[PDB]
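**Student:** Below is a structure I'd like to ask you about.
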Amino acid sequence: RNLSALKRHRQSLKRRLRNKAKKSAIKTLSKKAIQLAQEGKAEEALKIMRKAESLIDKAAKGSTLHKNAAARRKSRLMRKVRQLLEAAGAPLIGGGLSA
Amino acid sequence: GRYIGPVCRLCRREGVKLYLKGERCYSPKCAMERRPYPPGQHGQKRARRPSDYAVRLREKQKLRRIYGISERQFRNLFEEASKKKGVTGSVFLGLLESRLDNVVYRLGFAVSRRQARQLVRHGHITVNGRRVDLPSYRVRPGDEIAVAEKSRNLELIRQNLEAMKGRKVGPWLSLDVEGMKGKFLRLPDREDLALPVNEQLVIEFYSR
Amino acid sequence: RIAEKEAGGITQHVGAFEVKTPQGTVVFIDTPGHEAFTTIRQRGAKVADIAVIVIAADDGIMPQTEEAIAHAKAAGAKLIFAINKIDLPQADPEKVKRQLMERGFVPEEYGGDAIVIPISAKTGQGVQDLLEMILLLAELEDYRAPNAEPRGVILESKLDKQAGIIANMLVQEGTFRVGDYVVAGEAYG
Amino acid sequence: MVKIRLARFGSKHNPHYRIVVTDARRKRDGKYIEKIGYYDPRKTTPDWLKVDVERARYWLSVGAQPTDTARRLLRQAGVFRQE
RNA sequence: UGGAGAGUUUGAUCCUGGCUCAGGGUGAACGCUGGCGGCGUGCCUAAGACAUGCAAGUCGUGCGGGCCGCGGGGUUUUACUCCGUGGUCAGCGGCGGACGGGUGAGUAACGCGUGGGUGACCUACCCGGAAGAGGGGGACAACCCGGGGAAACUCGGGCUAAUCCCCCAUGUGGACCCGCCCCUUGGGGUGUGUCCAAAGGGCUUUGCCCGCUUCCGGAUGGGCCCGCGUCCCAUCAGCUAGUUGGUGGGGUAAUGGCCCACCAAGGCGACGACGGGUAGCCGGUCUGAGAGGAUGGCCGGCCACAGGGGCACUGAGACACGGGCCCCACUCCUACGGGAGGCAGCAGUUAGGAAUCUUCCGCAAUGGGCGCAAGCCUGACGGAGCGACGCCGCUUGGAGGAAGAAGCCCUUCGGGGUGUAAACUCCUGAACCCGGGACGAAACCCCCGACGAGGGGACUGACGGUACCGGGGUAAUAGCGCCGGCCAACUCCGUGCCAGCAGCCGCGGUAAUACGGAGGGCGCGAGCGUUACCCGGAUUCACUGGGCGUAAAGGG
Ligand SMILES: [Zn+2]
């Protein structure tokens, strides 16, 4: 019994926790953005979306989402937001949208 | 392992002289001449008509005995011959001859095939520089055998040389009788060897 | 010998233990104790260099005891005698001594060849004295047991979850090292 | 990563090495990409070691990071030498 | 470049036709016998249980810390301290532990083989190039104290670094939505908008090295999907309900019923689905004239599982053999509350079983990993040990030598056989002893050259004092099967349908070429035979190449 690979496990635990923090928060932010989009608040909503995007990017940069997954997520969010905005709003801050 | 044991008995069994001692197997003493029949009790009995298989088997045995080899080795040689293209019998014979011991015997280095083999084993026989001690050594054409450096001054070898002094060698062979040397030139064809064996029968036996 | 606890009245046990003295080490035999006469006579192996004889204060000397004594004699040992349970009120060592004398063995207090040390097997009594006596006997009799051709003896052979085929060996002669070919009977390795 | 390395074949006491291109995480006998050369330690043949040079160079260029022994062999052959 | 048959239903024949046999082979095994040497190779059974030792770590050139050691002090001493250090010890941090090594239970499936596809994708390390690397903050181990708990271990408070984490700045770039253009499924280019970088140590330090961050290009490694090929059973005939398609979303590196919501009612099937059994698959191997047939040991790839099952986490990559969590099963301790385990890694233990090796030495070679490096690690591997388990190589002498010893055996009593075999003469000289003695190992390392090419230096051997050479030097293990026909090779005694043999016909009930023995022979030979399976013969499942009036067979 007993090997110095418990260290790795410990490391992973910490990393897992950090990952969870990154990811859950991101998810929450996304949800909030979606909610904002729902009625047509636009500017604040846009800001929130931007923040979420930033968070996602940060996660990608670190050892969380990584790669193109983050990008995909962003696309999903942004497109959804745009769709929601079609029900009243139009880009008020400029923000995440390409206008 | 060798056959080992009683030799001219085998000759008797076949009914044709097999020259398995050299001398005595040349004189009135090979038992071919004094008595010509098979060994043991029913040798002098009425000889029954042998089956088709049997004759072939006998021939094969004769051949093997003549070349003095283990059966497995013989089989392997045959297989090799079959694999190679040409005349599966003549080629096979040639291959067998190419066995170092046989070559030595031919070159008159030793008066008997077993004797030759023994000589080869006991480091008395050199193939182009190195003393070679295994009679299963196959010689490819245009290659030099010699009585070894430290075996040139032994009595038996001298005697052998004397015996072969005067009497000529096979067309595939050349020997330097002065310096106990012997080049294996051509690969020996069937026509060169007036052996009593019929290779065809052997081949047939092998087939199945 | 070490002070730990009691194992119980079980009729098995692992093998020989090593009791420690100021002069040396003394090997004590802890196989199945009673034998129930495993072998009547081996061939003449000399398992133990010496053999002590335990005599109860309640039972006295038994046919079993006699047999043990005989075995010891056969082996080649100057017999030490021990009167067990002397703290309890039914103890009579004098009787035991008399019996021994009758048998043939004369203690040193009367003038003879036998060694008699009574022991208490409950409180902690005379053990050290006994050990000392044994040591003295060893130096007197010259019972000493390596550069010679190695020799041992099989005490017991068994099987384990945390090993395999295990054989409890006692060394007579030589130096035994891990990683060497040995034979014992017809079984080798 | 991709390595130029030596693959043991042959017999006991008669070793033979294939100067070969393969992935790092492989059997030292395993599925290699390409046989670029061969090497006999025992120096038994006249043409005892031989490697095709151009292929090796190409591999290097791509990024085949050789083993030390392999590198040495290559140098001996005349791959790393430039003019 | 390749193909042998025979014995047997009968009084005899001809066929039809089964059975049996020679041939070769096995991861074999058993019996008897047994010299070596080379090489290959050795739980095909219970994927049963498993001890012990080891099998995967390493970097102080990432960083703090304790234990010690020194060189020197500040220090009277003792501290404490400071560095250079030398090692350790554990921690953080990184990289590797997904490679290597094993087993073949499951899985008959895109699992594999194969040929493609990926405009539907990833790829740490490696290389190619581009661009960077500006500032500020923080926690957390270790450590110290404080508990809880039998132990396993563990919770609480505080401290502290760092390539740990965070945040701001820059933007070569890229990421995304939207638009436009060219493509053609999500490929490439561009515009507006939003978002995203990082980190340092080392010295011969004003100079380079290792690392770094983003990107594209490659490289290999894969993920996923499809075309075709993939066992038997039809006495398995209907199967299906996330099942078949859609829309939307989730999840993924990525597509997809992968998953979910909702709509639709399909989808597959006798060109064999579903069900049962069976089985890893192949490159191959064995056989065979070939077509085929069987098998998948070792070696190479791929898959799958690491007591059984389930599931995530971390990362370039696992659903993770020597990581994790959980339930069950089992073994192991318990102060009964709880933990510890996993050999299908090497060796070994047992148990099953006909049967299968050494608890070996080594990092020397190759390869792996980490590392600037030395170097550390390595049951990968290199070798050694055991086993005639295969295959091959050699020895058990050779040359003489009776019109024929003895011994034994038959005889028709003359004789014949063993048999030139022996004895005996001559010669050689495995073993054996001495003397030497390797190839495998030239590099990484240092110095000169710029740390490049190139030049020189040096070390480094488990095997192994082995192989092998040089000298000497003994005549120095023969066994097993069979002997009626197949089928090679025959007589006598003993036995009397008994004892026995047998693979098949069948031999044996008083002269047995078939039984026991003896001689003699024949086959092989350090082996030979028996058993088991597989192929062959068997054109007995016939594609090449069997047929069907009466043989088995035409359905009414
Ligand atoms: Zn003759």
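Naming scheme: A, B, ... for chains in displayed order of the structure tokens; residues 1 onward per chain; ligands 1 onward as shown.
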Taking only C-alpha atoms (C1' of nucleotides) into account, report as a PyMOL selection string which residues of chain E lie within 7 Å of chain C.
**Tutor:** chain E and resi 51-52+349-350
**Student:** Pull C-alpha atoms (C1' of nucleotides) from the residues just selected and write them as a PDB file, in the first residue's frame.
**Tutor:**
ATOM      1  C1'   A E  51       1.128 -13.395   1.078  1.00  0.00           C
ATOM      2  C1'   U E  52       5.744 -11.386   0.546  1.00  0.00           C
ATOM      3  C1'   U E 349       1.390 -19.364  -2.876  1.00  0.00           C
ATOM      4  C1'   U E 350      -2.479 -22.284  -3.169  1.00  0.00           C
TER       5        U E 350
END
**Student:** At a cut-off of 10 Å around ligand 1, and using only C-alpha atoms (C1' of nucleotides) and all ligand atoms, what residues come up? Please write them as a list in words.
**Tutor:**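 So, counting only C-alpha atoms (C1' of nucleotides) and all ligand atoms, the residues near ligand 1 are residues 7, 8, 9, 10, 11, 12, 16, 17, 18, 19, 20, 21, 22, 23, 24, 25, 26, 27, 28, 29, 30, 31, 32 and 33 of chain B; 420 of chain E.
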**Student:** Give me the residues within 12 Å of residue 275 in chain E as a PyMOL selection string, counting only C-alpha atoms (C1' of nucleotides) and dropping any in the same chain fewer than 3 places off.
**Tutor:** chain E and resi 233-234+236-239
**Student:** If you keep C-alpha atoms (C1' of nucleotides), can you produce a file of those selected residues as a PDB file, in the first residue's frame?
**Tutor:**
ATOM      1  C1'   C E 233     -29.185 -22.885 -35.166  1.00  0.00           C
ATOM      2  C1'   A E 234     -35.761 -21.550 -38.977  1.00  0.00           C
ATOM      3  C1'   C E 236     -35.604 -18.420 -32.863  1.00  0.00           C
ATOM      4  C1'   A E 237     -40.832 -15.412 -37.076  1.00  0.00           C
ATOM      5  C1'   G E 238     -42.109 -11.439 -36.357  1.00  0.00           C
ATOM      6  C1'   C E 239     -39.121  -7.700 -33.439  1.00  0.00           C
TER       7        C E 239
END
**Student:** Excluding range 66-75 of chain D and its own-chain neighbours fewer than 5 positions away, which residues fall within 8 Å of it when counting only C-alpha atoms (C1' of nucleotides)? Please give them as a PDB file with C-alpha atoms (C1' of nucleotides), in the first residue's frame.
**Tutor:**
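Listed below is the output, result02.pdb:
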ATOM      1  CA  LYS D   3      10.851  10.081 -32.608  1.00  0.00           C
ATOM      2  CA  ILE D   4      13.615   8.589 -34.667  1.00  0.00           C
ATOM      3  CA  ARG D   5      14.484   5.470 -32.663  1.00  0.00           C
ATOM      4  CA  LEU D   6      16.105   2.047 -32.714  1.00  0.00           C
ATOM      5  CA  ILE D  19      16.695   2.928 -37.236  1.00  0.00           C
ATOM      6  CA  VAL D  51      20.343   4.680 -43.234  1.00  0.00           C
ATOM      7  CA  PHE D  80      23.498  15.908 -39.709  1.00  0.00           C
ATOM      8  CA  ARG D  81      26.634  16.997 -41.589  1.00  0.00           C
TER       9      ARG D  81
ATOM     10  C1'   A E 443      27.662   7.547 -27.202  1.00  0.00           C
ATOM     11  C1'   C E 444      24.875  11.221 -23.978  1.00  0.00           C
TER      12        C E 444
END
**Student:** Could you list, as JSON, numbers by chain, every residue within 7 Å of residue 49 in chain C, counting only C-alpha atoms (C1' of nucleotides) and ignoring same-chain residues fewer than 3 positions away?
**Tutor:** {"C": [46, 77, 143]}
**Student:** What are the nearest atom pairs, with distances in Å to one decimal, for all residues of chain A that come at most 10 Å from chain E, using only C-alpha atoms (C1' of nucleotides), set out by chain and rising residue number as JSON lines?
**Tutor:**
{"residue": "A:1", "atom": "CA", "partner": "E:341", "partner_atom": "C1'", "distance": 8.8}
{"residue": "A:3", "atom": "CA", "partner": "E:322", "partner_atom": "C1'", "distance": 9.4}
{"residue": "A:4", "atom": "CA", "partner": "E:57", "partner_atom": "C1'", "distance": 8.8}
{"residue": "A:5", "atom": "CA", "partner": "E:323", "partner_atom": "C1'", "distance": 7.2}
{"residue": "A:6", "atom": "CA", "partner": "E:323", "partner_atom": "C1'", "distance": 7.4}
{"residue": "A:7", "atom": "CA", "partner": "E:91", "partner_atom": "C1'", "distance": 9.4}
{"residue": "A:8", "atom": "CA", "partner": "E:323", "partner_atom": "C1'", "distance": 8.0}
{"residue": "A:9", "atom": "CA", "partner": "E:323", "partner_atom": "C1'", "distance": 6.6}
{"residue": "A:10", "atom": "CA", "partner": "E:314", "partner_atom": "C1'", "distance": 9.7}
{"residue": "A:11", "atom": "CA", "partner": "E:314", "partner_atom": "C1'", "distance": 8.0}
{"residue": "A:12", "atom": "CA", "partner": "E:314", "partner_atom": "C1'", "distance": 4.7}
{"residue": "A:13", "atom": "CA", "partner": "E:313", "partner_atom": "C1'", "distance": 7.5}
{"residue": "A:14", "atom": "CA", "partner": "E:314", "partner_atom": "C1'", "distance": 9.5}
{"residue": "A:15", "atom": "CA", "partner": "E:314", "partner_atom": "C1'", "distance": 7.2}
{"residue": "A:16", "atom": "CA", "partner": "E:313", "partner_atom": "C1'", "distance": 6.6}
{"residue": "A:17", "atom": "CA", "partner": "E:313", "partner_atom": "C1'", "distance": 9.8}
{"residue": "A:18", "atom": "CA", "partner": "E:165", "partner_atom": "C1'", "distance": 9.3}
{"residue": "A:46", "atom": "CA", "partner": "E:194", "partner_atom": "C1'", "distance": 9.5}
{"residue": "A:47", "atom": "CA", "partner": "E:194", "partner_atom": "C1'", "distance": 9.4}
{"residue": "A:49", "atom": "CA", "partner": "E:194", "partner_atom": "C1'", "distance": 9.2}
{"residue": "A:50", "atom": "CA", "partner": "E:194", "partner_atom": "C1'", "distance": 6.3}
{"residue": "A:51", "atom": "CA", "partner": "E:195", "partner_atom": "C1'", "distance": 8.4}
{"residue": "A:52", "atom": "CA", "partner": "E:195", "partner_atom": "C1'", "distance": 9.2}
{"residue": "A:53", "atom": "CA", "partner": "E:195", "partner_atom": "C1'", "distance": 6.0}
{"residue": "A:54", "atom": "CA", "partner": "E:195", "partner_atom": "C1'", "distance": 5.0}
{"residue": "A:55", "atom": "CA", "partner": "E:195", "partner_atom": "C1'", "distance": 8.6}
{"residue": "A:56", "atom": "CA", "partner": "E:195", "partner_atom": "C1'", "distance": 8.7}
{"residue": "A:57", "atom": "CA", "partner": "E:196", "partner_atom": "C1'", "distance": 5.7}
{"residue": "A:58", "atom": "CA", "partner": "E:196", "partner_atom": "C1'", "distance": 6.7}
{"residue": "A:59", "atom": "CA", "partner": "E:196", "partner_atom": "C1'", "distance": 9.8}
{"residue": "A:60", "atom": "CA", "partner": "E:196", "partner_atom": "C1'", "distance": 8.7}
{"residue": "A:61", "atom": "CA", "partner": "E:196", "partner_atom": "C1'", "distance": 7.4}
{"residue": "A:63", "atom": "CA", "partner": "E:315", "partner_atom": "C1'", "distance": 8.3}
{"residue": "A:64", "atom": "CA", "partner": "E:315", "partner_atom": "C1'", "distance": 9.9}
{"residue": "A:66", "atom": "CA", "partner": "E:253", "partner_atom": "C1'", "distance": 9.4}
{"residue": "A:67", "atom": "CA", "partner": "E:253", "partner_atom": "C1'", "distance": 7.3}
{"residue": "A:68", "atom": "CA", "partner": "E:253", "partner_atom": "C1'", "distance": 7.0}
{"residue": "A:69", "atom": "CA", "partner": "E:253", "partner_atom": "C1'", "distance": 7.1}
{"residue": "A:70", "atom": "CA", "partner": "E:175", "partner_atom": "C1'", "distance": 8.5}
{"residue": "A:71", "atom": "CA", "partner": "E:175", "partner_atom": "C1'", "distance": 5.9}
{"residue": "A:72", "atom": "CA", "partner": "E:176", "partner_atom": "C1'", "distance": 8.0}
{"residue": "A:73", "atom": "CA", "partner": "E:176", "partner_atom": "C1'", "distance": 9.0}
{"residue": "A:74", "atom": "CA", "partner": "E:176", "partner_atom": "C1'", "distance": 6.0}
{"residue": "A:75", "atom": "CA", "partner": "E:176", "partner_atom": "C1'", "distance": 5.4}
{"residue": "A:76", "atom": "CA", "partner": "E:177", "partner_atom": "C1'", "distance": 9.1}
{"residue": "A:77", "atom": "CA", "partner": "E:177", "partner_atom": "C1'", "distance": 9.1}
{"residue": "A:78", "atom": "CA", "partner": "E:177", "partner_atom": "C1'", "distance": 5.7}
{"residue": "A:79", "atom": "CA", "partner": "E:177", "partner_atom": "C1'", "distance": 5.9}
{"residue": "A:80", "atom": "CA", "partner": "E:177", "partner_atom": "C1'", "distance": 9.5}
{"residue": "A:81", "atom": "CA", "partner": "E:177", "partner_atom": "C1'", "distance": 9.4}
{"residue": "A:82", "atom": "CA", "partner": "E:177", "partner_atom": "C1'", "distance": 7.9}
{"residue": "A:91", "atom": "CA", "partner": "E:193", "partner_atom": "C1'", "distance": 9.7}
{"residue": "A:93", "atom": "CA", "partner": "E:193", "partner_atom": "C1'", "distance": 9.4}
{"residue": "A:94", "atom": "CA", "partner": "E:193", "partner_atom": "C1'", "distance": 5.8}
{"residue": "A:95", "atom": "CA", "partner": "E:194", "partner_atom": "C1'", "distance": 5.0}
{"residue": "A:96", "atom": "CA", "partner": "E:194", "partner_atom": "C1'", "distance": 3.9}
{"residue": "A:97", "atom": "CA", "partner": "E:177", "partner_atom": "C1'", "distance": 5.6}
{"residue": "A:98", "atom": "CA", "partner": "E:193", "partner_atom": "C1'", "distance": 4.6}
{"residue": "A:99", "atom": "CA", "partner": "E:193", "partner_atom": "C1'", "distance": 5.4}
**Student:** Name the residues in contact with residue 53 in chain D at a cut-off of 9 Å, using only C-alpha atoms (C1' of nucleotides), excluding same-chain residues fewer than 3 positions from it; report them as a PyMOL selection string.
**Tutor:** chain D and resi 36-37+56-58+74+77-79
**Student:** Using only C-alpha atoms (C1' of nucleotides), determine which residues lie at most 9 Å from residue 418 in chain E, disregarding the query and same-chain residues fewer than 2 positions distant; provide the list as a PyMOL selection string.
**Tutor:** (chain B and resi 39-41) or (chain E and resi 408-409+421+519-520)
**Student:** What residues in chain B get the DSSP label strand (DSSP E or B)? Please answer as a PyMOL selection string.
**Tutor:** chain B and resi 99+125-127+130-131+138+143-147+173-176+181-184
**Student:** Can you write out the residues you just picked, keeping N, CA, C and O atoms, as a tab-separated table (two decimals), in the first residue's frame?
**Tutor:**
chain	number	residue	atom	x	y	z
B	99	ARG	N	27.33	-32.09	-48.24
B	99	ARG	CA	27.67	-32.32	-46.84
B	99	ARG	C	29.17	-32.55	-46.70
B	99	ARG	O	29.75	-33.36	-47.42
B	125	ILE	N	39.66	-30.76	-39.98
B	125	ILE	CA	39.23	-30.34	-41.30
B	125	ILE	C	38.86	-28.85	-41.32
B	125	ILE	O	38.05	-28.37	-40.51
B	126	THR	N	39.48	-28.14	-42.26
B	126	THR	CA	39.37	-26.69	-42.34
B	126	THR	C	38.74	-26.27	-43.68
B	126	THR	O	39.17	-26.72	-44.73
B	127	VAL	N	37.72	-25.42	-43.61
B	127	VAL	CA	37.12	-24.86	-44.83
B	127	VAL	C	37.50	-23.39	-44.92
B	127	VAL	O	37.00	-22.57	-44.14
B	130	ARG	N	38.99	-21.40	-41.31
B	130	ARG	CA	38.48	-21.95	-40.04
B	130	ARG	C	38.33	-23.45	-40.06
B	130	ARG	O	37.81	-24.02	-41.03
B	131	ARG	N	38.79	-24.09	-38.99
B	131	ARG	CA	38.52	-25.50	-38.72
B	131	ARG	C	37.02	-25.67	-38.45
B	131	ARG	O	36.46	-25.03	-37.55
B	138	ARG	N	27.21	-27.44	-45.36
B	138	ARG	CA	26.88	-27.47	-46.77
B	138	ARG	C	27.80	-26.50	-47.49
B	138	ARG	O	27.91	-25.32	-47.13
B	143	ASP	N	34.88	-23.90	-53.63
B	143	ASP	CA	35.28	-23.65	-52.25
B	143	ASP	C	36.30	-24.66	-51.74
B	143	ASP	O	36.24	-25.84	-52.10
B	144	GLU	N	37.21	-24.18	-50.88
B	144	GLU	CA	38.39	-24.96	-50.46
B	144	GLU	C	38.33	-25.57	-49.06
B	144	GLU	O	38.20	-24.87	-48.03
B	145	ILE	N	38.46	-26.89	-49.07
B	145	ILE	CA	38.65	-27.72	-47.89
B	145	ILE	C	40.15	-28.02	-47.82
B	145	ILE	O	40.81	-28.13	-48.85
B	146	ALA	N	40.67	-28.14	-46.61
B	146	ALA	CA	42.06	-28.52	-46.36
B	146	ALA	C	42.16	-29.29	-45.06
B	146	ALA	O	41.37	-29.07	-44.12
B	147	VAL	N	43.13	-30.21	-45.01
B	147	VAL	CA	43.53	-30.85	-43.76
B	147	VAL	C	44.15	-29.75	-42.91
B	147	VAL	O	45.06	-29.04	-43.36
B	173	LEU	N	35.54	-32.21	-58.29
B	173	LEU	CA	36.54	-32.06	-57.23
B	173	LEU	C	37.94	-31.87	-57.79
B	173	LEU	O	38.24	-32.32	-58.90
B	174	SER	N	38.79	-31.20	-57.01
B	174	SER	CA	40.24	-31.18	-57.27
B	174	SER	C	40.96	-31.26	-55.94
B	174	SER	O	40.51	-30.68	-54.96
B	175	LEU	N	42.08	-31.98	-55.88
B	175	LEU	CA	42.84	-32.09	-54.63
B	175	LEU	C	44.34	-31.86	-54.81
B	175	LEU	O	44.95	-32.37	-55.76
B	176	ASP	N	44.91	-31.05	-53.92
B	176	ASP	CA	46.35	-30.86	-53.85
B	176	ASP	C	46.92	-31.88	-52.86
B	176	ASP	O	46.81	-31.73	-51.64
B	181	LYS	N	45.31	-30.29	-49.49
B	181	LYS	CA	44.26	-29.36	-49.88
B	181	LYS	C	43.27	-30.03	-50.84
B	181	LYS	O	43.60	-31.06	-51.45
B	182	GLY	N	42.09	-29.44	-50.96
B	182	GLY	CA	41.01	-29.99	-51.77
B	182	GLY	C	39.92	-28.98	-52.06
B	182	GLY	O	39.14	-28.63	-51.17
B	183	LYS	N	39.88	-28.51	-53.30
B	183	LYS	CA	38.81	-27.65	-53.80
B	183	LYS	C	37.61	-28.44	-54.31
B	183	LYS	O	37.74	-29.36	-55.15
B	184	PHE	N	36.46	-28.07	-53.78
B	184	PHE	CA	35.16	-28.47	-54.26
B	184	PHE	C	34.78	-27.46	-55.33
B	184	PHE	O	34.48	-26.30	-55.02
**Student:** Between B:90, B:136, B:102, B:200, single out the one closest to chain E, counting only C-alpha atoms (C1' of nucleotides).
**Tutor:**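 Among B:90, B:136, B:102, B:200, it is B:136 that comes nearest to chain E.
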**Student:** Please, which residues of chain D lie no more than 9 Å from chain E when the count uses only C-alpha atoms (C1' of nucleotides), and can they be set out as a PyMOL selection string?
**Tutor:** chain D and resi 1-3+5-8+11-15+17+22-31+33+41-44+59-65+68-69+72+80-83
**Student:** The selected residues should be written to file as an mmCIF file, in the first residue's frame (atoms: C-alpha atoms).
**Tutor:**
data_model
loop_
_atom_site.group_PDB
_atom_site.id
_atom_site.type_symbol
_atom_site.label_atom_id
_atom_site.label_comp_id
_atom_site.auth_asym_id
_atom_site.auth_seq_id
_atom_site.Cartn_x
_atom_site.Cartn_y
_atom_site.Cartn_z
ATOM 1 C CA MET D 1 5.650 13.104 -30.024
ATOM 2 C CA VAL D 2 7.412 11.633 -33.085
ATOM 3 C CA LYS D 3 10.851 10.081 -32.608
ATOM 4 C CA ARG D 5 14.484 5.470 -32.663
ATOM 5 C CA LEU D 6 16.105 2.047 -32.714
ATOM 6 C CA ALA D 7 13.979 -1.095 -32.764
ATOM 7 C CA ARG D 8 15.505 -4.309 -31.433
ATOM 8 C CA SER D 11 18.200 -13.087 -31.549
ATOM 9 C CA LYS D 12 19.547 -13.316 -27.995
ATOM 10 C CA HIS D 13 23.229 -12.263 -28.107
ATOM 11 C CA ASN D 14 22.688 -11.446 -31.810
ATOM 12 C CA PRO D 15 20.939 -8.054 -31.701
ATOM 13 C CA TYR D 17 18.413 -2.539 -34.642
ATOM 14 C CA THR D 22 7.750 6.133 -34.731
ATOM 15 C CA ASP D 23 5.562 7.668 -32.025
ATOM 16 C CA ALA D 24 7.110 7.976 -28.548
ATOM 17 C CA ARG D 25 4.343 6.000 -26.816
ATOM 18 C CA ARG D 26 4.887 2.705 -28.618
ATOM 19 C CA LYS D 27 6.328 -0.764 -28.166
ATOM 20 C CA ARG D 28 10.045 -0.791 -28.852
ATOM 21 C CA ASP D 29 8.990 -3.344 -31.472
ATOM 22 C CA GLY D 30 5.685 -1.662 -32.388
ATOM 23 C CA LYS D 31 3.819 -0.226 -35.382
ATOM 24 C CA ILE D 33 5.653 4.834 -39.434
ATOM 25 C CA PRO D 41 25.998 -3.468 -33.110
ATOM 26 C CA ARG D 42 28.219 -6.518 -33.612
ATOM 27 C CA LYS D 43 29.760 -4.980 -36.790
ATOM 28 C CA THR D 44 29.502 -8.437 -38.356
ATOM 29 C CA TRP D 59 11.586 13.581 -40.891
ATOM 30 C CA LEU D 60 13.848 15.905 -38.908
ATOM 31 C CA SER D 61 12.425 18.901 -40.746
ATOM 32 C CA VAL D 62 8.908 17.773 -39.949
ATOM 33 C CA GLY D 63 9.999 17.481 -36.335
ATOM 34 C CA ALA D 64 11.116 13.922 -35.621
ATOM 35 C CA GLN D 65 13.077 14.214 -32.380
ATOM 36 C CA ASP D 68 20.562 9.940 -28.505
ATOM 37 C CA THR D 69 21.984 6.676 -29.830
ATOM 38 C CA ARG D 72 24.799 9.413 -33.002
ATOM 39 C CA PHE D 80 23.498 15.908 -39.709
ATOM 40 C CA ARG D 81 26.634 16.997 -41.589
ATOM 41 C CA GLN D 82 25.915 19.923 -43.891
ATOM 42 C CA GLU D 83 27.942 22.069 -46.334
#
**Student:** Would you give me, as a PyMOL selection string, the residues of chain B that come within 7 Å of chain E, using only C-alpha atoms (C1' of nucleotides)?
**Tutor:** chain B and resi 6+40-41+54+115+156+208
**Student:** Check chain B with DSSP on the backbone and list each residue it calls helix (DSSP H, G or I), as number ranges by chain.
**Tutor:** B: 8-14, 52-67, 71-83, 90-97, 100-106, 113-121, 149-151, 155-164, 199-207
**Student:** Take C1' of residue 224 in chain E and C1' of residue 255 in chain E and report the distance between them in Å, one decimal.
**Tutor:** 7.5 Å
**Student:** For residue 320 in chain E, which residue among E:154, E:272, E:98, E:287 is the nearest when counting only C-alpha atoms (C1' of nucleotides)?
**Tutor:** E:98
**Student:** Could you check how far CA of residue 30 in chain C sits from CA of residue 8 in chain C, in Å to one decimal?
**Tutor:** 12.7 Å
